[PDB]
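Engineer: One structure, pasted below without further comment.
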Amino acid sequence: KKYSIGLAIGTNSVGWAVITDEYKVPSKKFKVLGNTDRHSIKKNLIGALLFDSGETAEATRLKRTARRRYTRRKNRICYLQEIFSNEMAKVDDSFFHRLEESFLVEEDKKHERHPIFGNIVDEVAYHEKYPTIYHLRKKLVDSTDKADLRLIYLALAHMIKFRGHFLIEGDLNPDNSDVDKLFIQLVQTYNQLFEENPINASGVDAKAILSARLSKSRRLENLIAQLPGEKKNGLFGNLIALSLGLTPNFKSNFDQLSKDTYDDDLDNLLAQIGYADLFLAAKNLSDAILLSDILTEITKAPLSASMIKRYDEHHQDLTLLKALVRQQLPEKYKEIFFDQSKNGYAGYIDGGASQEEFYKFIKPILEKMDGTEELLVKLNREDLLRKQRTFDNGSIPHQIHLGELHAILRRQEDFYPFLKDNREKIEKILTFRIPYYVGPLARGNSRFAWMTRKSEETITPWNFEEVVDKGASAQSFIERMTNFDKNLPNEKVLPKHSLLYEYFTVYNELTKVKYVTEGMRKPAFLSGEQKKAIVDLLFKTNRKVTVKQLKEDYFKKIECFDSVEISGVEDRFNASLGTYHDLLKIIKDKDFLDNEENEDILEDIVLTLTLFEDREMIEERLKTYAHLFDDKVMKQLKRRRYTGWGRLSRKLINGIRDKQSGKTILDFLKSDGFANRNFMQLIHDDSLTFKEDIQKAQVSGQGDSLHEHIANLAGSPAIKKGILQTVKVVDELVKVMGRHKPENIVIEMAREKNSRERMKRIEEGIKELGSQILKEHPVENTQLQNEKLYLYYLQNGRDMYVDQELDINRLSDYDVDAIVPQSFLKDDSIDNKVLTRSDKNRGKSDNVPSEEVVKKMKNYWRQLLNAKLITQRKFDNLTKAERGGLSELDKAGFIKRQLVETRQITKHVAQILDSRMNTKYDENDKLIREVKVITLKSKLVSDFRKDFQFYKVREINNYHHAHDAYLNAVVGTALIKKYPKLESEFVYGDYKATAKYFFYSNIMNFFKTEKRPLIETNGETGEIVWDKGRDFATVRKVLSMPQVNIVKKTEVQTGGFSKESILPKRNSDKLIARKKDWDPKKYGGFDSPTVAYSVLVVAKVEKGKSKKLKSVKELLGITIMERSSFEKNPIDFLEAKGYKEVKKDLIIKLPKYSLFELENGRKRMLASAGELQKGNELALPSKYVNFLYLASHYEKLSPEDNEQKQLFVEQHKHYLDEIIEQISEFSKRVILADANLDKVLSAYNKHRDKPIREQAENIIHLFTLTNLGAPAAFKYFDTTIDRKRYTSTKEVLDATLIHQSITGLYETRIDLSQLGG
RNA sequence: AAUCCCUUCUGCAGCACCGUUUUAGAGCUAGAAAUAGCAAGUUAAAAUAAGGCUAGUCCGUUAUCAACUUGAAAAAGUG
DNA sequence: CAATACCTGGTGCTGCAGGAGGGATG
DNA sequence: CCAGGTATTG
Ligand SMILES: [K+]
Ligand SMILES: [K+]
Ligand SMILES: [K+]
Ligand SMILES: [K+]
Ligand SMILES: [K+]
Ligand SMILES: [K+]
Ligand SMILES: [K+]
Ligand SMILES: [K+]
Ligand SMILES: [K+]
Ligand SMILES: [K+]
Ligand SMILES: [Mg+2]
Ligand SMILES: [Mg+2]
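According to PDB author numbering, the residues represented by the first sequence are 3 to 257, 265 to 283, 286 to 306, 310 to 766, 775 to 1013, 1031 to 1049, 1059 to 1245, 1248 to 1367, in order.
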C-alpha cells in the first residue's frame, strides 16, 4: 500500500492527487458529520484548492504613511494656531472656533456662519478685495500698512498647509530667473576662463530651449546640437547637464546636483583637480530655469503674482468667451455655462470635469468660431481658463512659499512683537521635515519605529535636534535591516568593501588556480607561499591583476619560466583588493596597511564609511583615529564613502577555527597543503568542524511556526500563500493515509491592470526621447494590450533591424521576431522580442542578429536604452553578435534550462517538504530519506499532454489544476524510476555539449512507442516503469473521473471599511457617517461597506404598531467596521440591531464562499450577506474536451499527422450539439438563468453556418455561464450575455451548509431547515 | 553558490500635488408660484478610513482563518 | 421581489534594506 | 478590471 503525492502550486490554486503503484487514484469512504441523514460519502483522492490571491502590504503602507502625513499637517496648523492664540483672543475670541466648524451647517454651527469676520458686510468686502488667497498673500508681502491679524494668520496658514516640495537642498535667490543672461554669463565665464577656442552663443535662444517643458536630457541634446564642436559628452555640455538637473562627471572629461552631500562631493573633486564661478553661474542658471517655468522687480512674492495672473487671464478670457458664444452660438449657452452634467464651463467649475476634459470638450467650439485664435493658442499651451489649485503645482518648491512667508513676517513683525520673536519658529514649522533615517517619533508602540531619544520629552519642530538622537537613530535605521550571515544567523555580514572580505574573495579565487610548465607532467595548485608572493607582488601593486601579469611578473621574474599555461582564471582575475589601494592612496603608508595589528581599526573606519552617508556623523566617528593621520589625510578620508554589504560575516571568514587543525576559513584559503580547498569544500568537509558548527548554529533560529518560516521566504506573497496551503494539504493527505508517509512528492510551480504601466513606460520614454509620437497618435491603455502596438510605441514608430520609419496601419504586414531564436530559448516576452517590417532583415534565423544590423542600429538602440524603452538584457542580446553570437554551449544550456527546475523558490518548497517528511536518523546519525521530493518544470507535463492527447482547457472548469497535479505525480515518479542517476538533478539532496543537448532533448522519449518496446523497464533493477498498453488507459480513466474535490477557501474579508468615495448628502440609510456627529443626511458620507462575514441569526423581531414578536431566521452581514464591536459582545450587538431572544448557540459564522447545497445537487456559495455565487463544477467528458481543444485552433506545420486531427474534428462535428446539450442540461439543473440560456441557444442556432473553429472558440466562451464562482458577462460571437446574479440569500437558510476541510475529503453537513420556531 | 550592471519581485521610512465632501464667498428682475430673462463662477476652512489607549507629532486596510474539543493565543487533538 | 444599469480615488518624488534571475566582466 | 453595492424601474 505504497503511494505518492502530486502537487501543482499556483498563485490561485493548489492541485493535489494521490497515486498508487499502478498510477491509479484510490477512493475511500469518508465519514460525514452533522445532523443530516447522510453518514458517509465516497471520495476520490484528487482535487484542487482555490483561493483569492494574497496581496502585498504596499497599499497598507501607502495609506499608513498618508495617515501620518495628514496627522502631521494638522499638527503643523495646530502649532501655528498655538503661537497666535493670545493676541488673536485679544482681536477675535472666536476666529479659530469659526475656522474649525466651517464644515457644519448653520443649524449646527455655534457661532456666526461667516468664518473670517463674523458678519456678512465685512466678509463680502473681503472677498471683493481679495478674490483669491493669493491676492491677500501678494498684498501682505508688498504692503507696509499694519494688517488685520486674522488675514495674516490665513496667509501664513495657507502657506504652511500647502508648502511645496523638498527636492532641492540649499537656498534660492528670489530673482535672477532670466535664463538668457545667466547662459550668457556662463558662456563668458567659459570663454574667458578657457585657454583657447571660445564657445559660440550667437543667435542662441537658451531661454526657449531651456525653459521649454521637457526632459532634462532632451534639452541637453538640443543645446548641444546648437553648439558646433561641442559633444553631448563635452565638458561644457557636462556643466550644462549639471545646470539642467542631471549629474555630470568631470572624471572622464579630465581623466543630482541638489543633494546636500553633493556640495562636499564637489569640494573633494576640487581637491582632486585643483575657476568655479561657472558653477556658481551653473546652479544659478538651474534656479533660473526651474523658477522660470513656474513664475521679479515688482514684488517679493512672484508665485502669488503668477496665481493672480492666472486669475486675471481667466477673468478676461471668460468674458471674451461668454461674449463670443452669445454672439455666434447662442443656443449652446446653457449647455456650456449652466449644465454641470456636460463637460463645459459649468462642469469644469462645478461638475466633475477636469482641465483636460474641458479642453477636449471646447476645442471644436473654439475652432468653429472666429476670434478664438489667442484662446486656441492658450488652449494648446495648456494655459487657458486655468484654476490656481491644479495638478501641476507639484513643481513648486518649498523655498518659494518660504520666501513669501518670510516676507510677510518681516512686514508684520514691525507691528506685532510676537511675530518678531516667533519668526524663526514659524519658518521652522514650514521647513521642518522628519528625516527618512529617523522614522516615526514613537515611544514604544510602533512596530515600525527605531528612533531613540536623547531626552524624554515631547518632540517639536524646534527642539528636534536636542531630543532626537539623529546619530544613534541613523545607525539603527540601517542595522535593523542589515542582512545576517546565512551560515551564522546571529552574525552581521561584513561591508562589501571591507579589507577582510576582499582578502577572502581574492584568496578563494586564487586557491583554485593551476599552472603547467615543461618540467611538470600534470598541473599543480599554488602553494601558500606562492599565493602570498602573488598577493604581495601583484594584487597589492595593481588594482586589477591580468593573467598576462601573472605569467610575466611572477612566473617569469620569480620562478624563471618562459612558457607556462594557466587554468582557473582567464584574461583577468575577477577579485581585487580595491579598498587596499583606496586607502593606500588616501593615507600613503603601505606598512600601516600591511601591519596585521592595524586590521581592526581599518575594519572600523570602512564600517563607518559604509554605515553612514552624512559628513558630520562620519567625521564624528572618525575622530577616534584623528591622531593616526595628518589633517589632510583625515579630510581625504572623510570625503571617501562606500555602499553595499557582503554575504559573509567576519566570524565565518576569520573567526571560527577547525577543532583538529586550529585555523580559520581564511587560514585554509591562504594555505591548505596540496588540497587547496575553497570556501564550499571547507564548509562541506566532514573531516573539519566547520560543517558541524554551522549546523549547530542554524537550528536555534529555525524553531518557529510554519507560517513564520514561509513568511521568511523570498517571493510574491501570493505564491507564499500557495506554498503554505500546499504544506497544509500535504499534512492532511498524510493524515488521510493513516499517518503513512508517501514514497514520492512531485511538485511543479507555475510561472509568474498593468496596462497603465505600459502607458507610463511609453510616456516617460517618449518625453525623455522628446518624440511627438503621442501627439500624432494618442493611445489608451487598452490598445497597448496588443503586442504589435506596444512594440511600435516602445520603438518610437521605427523598424528595429533596419533604419526606416514604421507605418502604424500596416502592423498586420509586419513581423514580430525573437532576438534569441525560439528553437533555442522559449522566451516570448518583450525582453526578447522586436517589431520589424520583415524578420528576414535580421540576418540568419539561426543565431543572434547579424553584425551588420548591429553596426547599423547600435546608436538608435542605445538611445532607446537611455530612455528605458528597452532593458539592458534586450540590448545585450541584440548585440551578442559583436561578442561571437551564440556558441554551441549557449545552445546546450538554453535546452537544459527548459527541463531542470533551478529556482531557489522551488528549492525552498522542496526543502520544507523534505525536512517535514524525513525526520529519523540511522546508525550513522545520517538522515533517513523515506520520502523523495521531485521538482518539475511545467513544460514536461505540457509536452506530455500535447504528445499523448490529454489536452487541458482552462475555461471549462477548474479541474485541470488537479489533473496537472496528477500528471506531475505520474511523470516525475516514472522519470526517476527510469533514470535513477538523474536524482541529483530532480531530488532534493546534497548529492560533450552535443551529448547533453541530445540527452536532455530526448529525455522523455521512453514514453513514446516510435520501435521502442511496449513495456519500459529500468536497466539495472529490471523493475517495470511504464506499460504502454495499460498505463495510458489508466491516465485516461483518471482524467475522465467526474468527482474531483474542488474546494474554494472560505475567507473572511479584510481591508478597507467601504468604498472611499465621499458621497453627497442623500436621504438614504445606506450612507455611513464620516465622523461621529456628521449626520450623512446633512453632510454626506460613505456607502457600500464590505461584509467581513455573515452571521446566521435565529431570534424574534418586533412587527407592527403592537410591537408583536415574530420569529425570524436571516443572514446579517457584519461589516469590517462593525466586526470588533460584534465580536466583543455578540448578544448586545444583535439586540442593538433589533433582534430579541437570540438563540446564542445557533449563531453560525459564515465567511465568504461558504458552501450550501440545495436540491438536485445545486450548490451555491456566499458572496456576501445578500448575494450568492455559483457553486457547481461542470464535469465535461474528456472526448468533448479534446474535441474542443483540437477544433479550437488550426493545425499547421508532424503536420501530415495533423490531417488526422482535422479528420477527427470533422468526423465528430455532431459533438457541438452534444456539448450545447451538456451545457443546457447543466444550466437548467444548476444555473437557473432562463433568459440567458434562451439567448445563448438562439445565438448558437444563429451561427450554425460559421466555421467549426470559430464555433468552437465561442463555445469555449460559453462556459462563463456555467463556471464556478461569481457570475460574469461574456460574448457569443457578436451577442453579449450579461451576468445573471443571485440577489437573494433566503433559500440557503433552509439548505444544507457544508463545512469542508482543506482537501474537501472531510466534511460536516448541517441541515439548516431544522432551525426555526 | 564570485563581482558589476540591468530587470523583476519584496519590506520600511520621509514628503509633495490634486480629487471629493459640507459650509462661507448677500445673486438680480418679473412671475403668486412653477418658470422665464440676465448676472456670476477661478478661492478658503475643515475631514480624508468610524476611531483606540498605550496619549506617542503613536496606532488603525499586509500576512493568518472549514467544522468540533482544548487553549489567552500560536497551535494541538478528532473521522 | 427580480431584471437593468451604473459605480468603484488618483499622480509625482526622495532615501534604505533585501531575493532572485540574466548577461557580462565595464 | 472584477464583482459586490446601490438605486431605479418594473
Ligand atoms: K446656530
Ligand atoms: K554638436
Ligand atoms: K470640476
Ligand atoms: K575573468
Ligand atoms: K551607505
Ligand atoms: K481581501
Ligand atoms: K486577508
Ligand atoms: K475550508
Ligand atoms: K534589486
Ligand atoms: K547572479
Ligand atoms: Mg484622523
Ligand atoms: Mg482643496
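We put the CB at the ideal spot given by N, CA and C, even for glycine.
1. Candidates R74, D94, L246, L302: which alpha carbon is nearest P176's?
2. Can you list, in chain order, the residues of its chain with a C-beta nearer than 7 Å to that of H116? Leave out the 5 residues immediately preceding and following it.
3. Answer with buried or exposed for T740, where buried requires no fewer than 16 other C-beta atoms within 10 angstroms of its C-beta.
4. For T858 versus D839, is the C-beta distance shorter than 7 Å?
5. Which residue comes first and which comes last in the alpha helix (DSSP H) that contains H415?
6. Per DSSP, which one or two residues make a beta bridge with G8?
7. For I788 and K218, what's the separation of their Cα atoms in angstroms?
8. Give the straight-line distance between the Cα atoms of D861 and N776, rounded to the nearest whole angstrom.
9. Could you check whether the Cβ of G358 sits closer than 6 Å to any heavy atom belonging to ligand 3?
10. Would you give the residue range spanned by the beta strand (DSSP E) that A1147 belongs to?
11. Tell me whether the beta-carbon of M1043 lies closer than 7 Å to the beta-carbon of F1105.
12. How far does the beta strand (DSSP E) with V34 in it reach, from first residue to last?
13. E532: beta carbon under 6 Å from a heavy atom of ligand 2?
14. Counting pairs of Cβ atoms below 8 Å between the segment 1152 to 1163 and the segment 1176 to 1184, do you hit three or more?
15. So does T901 have its beta carbon nearer than 6 Å to some heavy atom of ligand 7?
16. Excluding the five sequence neighbours on either side, which residues of its own chain have a C-beta within less than 7 Å of the C-beta of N224, listed in chain order?
17. Ligand 5 and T657: does the residue's C-beta get closer than 6 Å to at least one heavy atom of that ligand?
18. Kindly list the residues whose CB is nearer than 8 Å to the CB of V520, restricted to its own chain and excluding five residues on each side of it in sequence; keep chain order.
19. With DSSP run on the structure shown, which of helix, strand or coil describes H641?
20. Secondary structure at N175, three-state DSSP: helix, strand or coil?
21. Quick check: what's the CA-CA separation for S1363 versus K44?
22. Between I85 and ligand 2, is there a pair consisting of the residue's CB and a ligand heavy atom that are separated by less than 6 Å?
23. According to the neighbour-count rule (16 or more other Cβ atoms, all chains shown, within 10 Å of its Cβ), is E1150 buried or exposed?
24. To the nearest angstrom, report how far apart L1119 and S1216 are at their CA atoms.
25. If you check the beta carbons only, do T593 and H511 fall under 7 Å apart?
26. Taking the alpha carbon of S1248 as the point to measure from, which residue in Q1256, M694, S1240 has its own alpha carbon closest?
27. Three-state secondary structure (DSSP) at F606?
28. For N459, count neighbouring C-beta atoms within 10 Å of its own C-beta (all shown protein chains included) and say buried if the count is 16 or more, exposed if not.
29. Measuring only from the beta carbon, is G1165 closer than 6 Å to any heavy atom that is part of ligand 6?
30. Based on the DSSP secondary-structure assignment, which residues constitute the bridge partners of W883?
31. Under a three-way DSSP split, which group does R66 fall into?
32. Within its chain, find whatever has a CB closer than 7 Å to the CB of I950; leave out the 5 residues flanking it on each side and keep chain order.
33. Mapping DSSP to helix, strand and coil, what is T858?
34. Pick helix, strand or coil for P1178, following the three-state DSSP scheme.
35. Round the Cβ separation of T1346 and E1225 to the nearest angstrom and send it over; I've been treating them as touching at under 8 Å.
36. Between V143, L156, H1311, which lies nearest to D1328 when the distance is taken from Cα to Cα?
Structural biologist: According to the structure data:
1. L302
2. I122, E125
3. buried
4. yes
5. 412 to 426
6. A19, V760
7. 13 Å
8. 28 Å
9. no
10. 1139 to 1151
11. no
12. 29 to 36
13. no
14. no
15. no
16. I211
17. yes
18. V549, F553, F587, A589, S590, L591
19. helix
20. coil
21. 25 Å
22. no
23. exposed
24. 18 Å
25. yes
26. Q1256
27. helix
28. exposed
29. no
30. Partner(s): none; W883 has no beta bridge.
31. helix
32. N940, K942, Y943, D944
33. strand
34. helix
35. Not confirmed; about 17 Å, so no contact.
36. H1311
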